[PDB]
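Neighbour counts are summed over all protein chains in view; Cβ atoms, including those assigned to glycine, are modelled from backbone coordinates with ideal geometry. Laboratory data are not the source of any read-out in this text; all were calculated from the coordinates shown.
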Amino acid sequence: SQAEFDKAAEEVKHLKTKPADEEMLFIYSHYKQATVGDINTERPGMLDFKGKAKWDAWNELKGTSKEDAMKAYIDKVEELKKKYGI
């Protein structure tokens, strides 16, 4: 569901506690994979360490269908909702 995806995208922004780095990268990469699809941008330069990490995470999902990405995204948000509370 696209409606379910939009909801999760909003709720994830209001978690009582901010997710761990690993969890944020999972969220970022699946969000991109579900909306844009296969990565279509240039990898950031040497000094942009945070940007390179996010780019690599999304790159790793290449080939994943938007449907599967959406499902994994929503499932993770529900997981984070129960873990950190909202």
Cross-link candidates for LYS50: which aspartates and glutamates have Cα within less than 15 Å, leaving aside residues fewer than 8 places away along the same chain? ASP21, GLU22, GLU23, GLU42
For a paramagnetic label modelled at 7 Å from the Cα of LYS52 toward its Cβ, which residues of the stretch 7-43 fall within the zone defined by backbone nitrogen distances under 18 Å? 22, 25, 41-43
DSSP-loop trypsin sites (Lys or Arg not before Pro) across the chain, with at most 12 other Cβ within 10 angstrom: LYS16, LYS62
Qualifying GluC sites (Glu not before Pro) for the stretch 1-61 [loop in DSSP, other Cβ within 10 Å: at most 13]: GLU42
Student exercise, the chain dipole from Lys, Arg, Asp, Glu Cβ charges, in Debye to nearest 20: 260
Using the Karplus equation 6.51 cos²θ - 1.76 cosθ + 1.60 (θ = phi - 60°), what ³J(HN,Hα) coupling, rounded to whole Hz, does each residue of the stretch 5-19 give in order, writing x for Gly and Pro? 5, 4, 4, 4, 4, 7, 4, 4, 6, 10, 6, 4, 10, 7, x
For the stretch 64-74, take each phi angle, set θ = phi - 60°, evaluate the Karplus expression 6.51 cos²θ - 1.76 cosθ + 1.60, and give the result in whole Hz per residue in order, putting x for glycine and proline. 6, 5, 4, 5, 5, 4, 4, 4, 5, 5, 4
Looking only at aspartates and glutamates whose Cα falls under 19 Å of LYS18's and that sit 8 or more positions away or on another chain, we get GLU10, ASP75, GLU78, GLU79
With the radius of gyration and the Kirkwood radius both derived from the Cα set of the chain, what is their ratio Rg to Rh? 0.98
Quick one: which of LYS16/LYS82; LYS32/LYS71; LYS13/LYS66; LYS7/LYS71 span more than 19 angstrom between C-alpha atoms? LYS13/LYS66
Restricting to Cα pairs below 8 Å that are 6+ residues apart, what does the relative contact order work out to for the chain? Please round to a whole percent. 47
Angle in degrees between helix 49-60 and the longest Cα principal axis of the chain, rounded to the nearest 10: 80
What spacing in nm lies between the two simple spin-label points modelled at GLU22 and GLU79, each 7 Å away from Cα in the Cβ direction? 1.0
